[PDB]
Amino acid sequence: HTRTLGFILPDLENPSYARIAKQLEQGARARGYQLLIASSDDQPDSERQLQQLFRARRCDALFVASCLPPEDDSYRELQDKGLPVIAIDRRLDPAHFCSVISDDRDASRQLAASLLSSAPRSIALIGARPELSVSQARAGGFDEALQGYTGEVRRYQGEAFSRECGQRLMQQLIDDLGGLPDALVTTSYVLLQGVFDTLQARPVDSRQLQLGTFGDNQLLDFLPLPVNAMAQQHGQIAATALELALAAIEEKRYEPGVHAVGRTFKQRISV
């Protein structure tokens, strides 16, 4: 026993992971545990390197937002050797791992529906890493809200949750529609940032779409362009994950399954 917990996350610059990591560290500290954080940069080989690191380090439990393929069984190996693995944000196999996540599919359905109110002629989804369960959920909720929709629908899912990817996809979208869509949902705030870059390159008067995104940002309150946002309850995510970790460590309780926490709706678009 080391009384240390590890957290592998995809991106240190993603404010949601930072917030969760901070909430975890605080809660852990009150329980007598230290938190060690490492970033995979959403690269599968980096994550595998971190796996070996946290195993040799002998952390009492490992929190992880994985970027690995579901076919990969590396975490099963670690678990079989006695390491408690708690998934965060990105679910691991519900038959073998405990995961704490946001209720993304329903969040996405409401998000898209909130834009559909204005009767848009065209609507698009911009996302990334389509293979991930988190991405499938958000694309899934988006489709669900489109039932009975007769307008133009486009889905663009890039290679990374990055600003530049969002910028590239927005361009490709604009180039493909011959203009802005009436409405747009981004599956991640960082992707929205790229969208803003693309919009800024255009003349001032062609930038008036209905916008919705996952995650949130304070400065959205000051944007002339209103953006609806679905934010994580980071505090509850961390508190749930930690309690699950400690039960596995201290009570040897561990039940596979997904624990979903609702997102909060931040509406800035007048309805």
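Residue indices: 1-based, along the sequence shown.
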{"property": "Between the two ranges 201-209 and 42-50, the one averaging a larger CA B factor in the entry", "result": "201-209"}
{"property": "52-60 versus 212-220 - greater average Cα B-factor per the deposited record", "result": "52-60"}
{"property": "Out of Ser118, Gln157, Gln136, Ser188, residue topping the C-alpha B-factor column of the entry", "result": "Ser118"}
{"property": "Selection from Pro94, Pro84, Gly166, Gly148 [criterion: highest C-alpha temperature factor in the record]", "result": "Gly148"}
{"property": "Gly178 CA temperature factor, ranked by third within the chain", "result": "highest"}
{"property": "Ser270 - Cα temperature factor, lowest/middle/highest third of chain", "result": "highest"}
{"property": "CA B-factor placement of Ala28, once the chain's modelled residues are sorted into thirds", "result": "middle"}
{"property": "Among modelled residues of the same chain, the CA temperature factor third for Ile237", "result": "lowest"}
{"property": "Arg253 CA temperature factor, ranked by third within the chain", "result": "highest"}
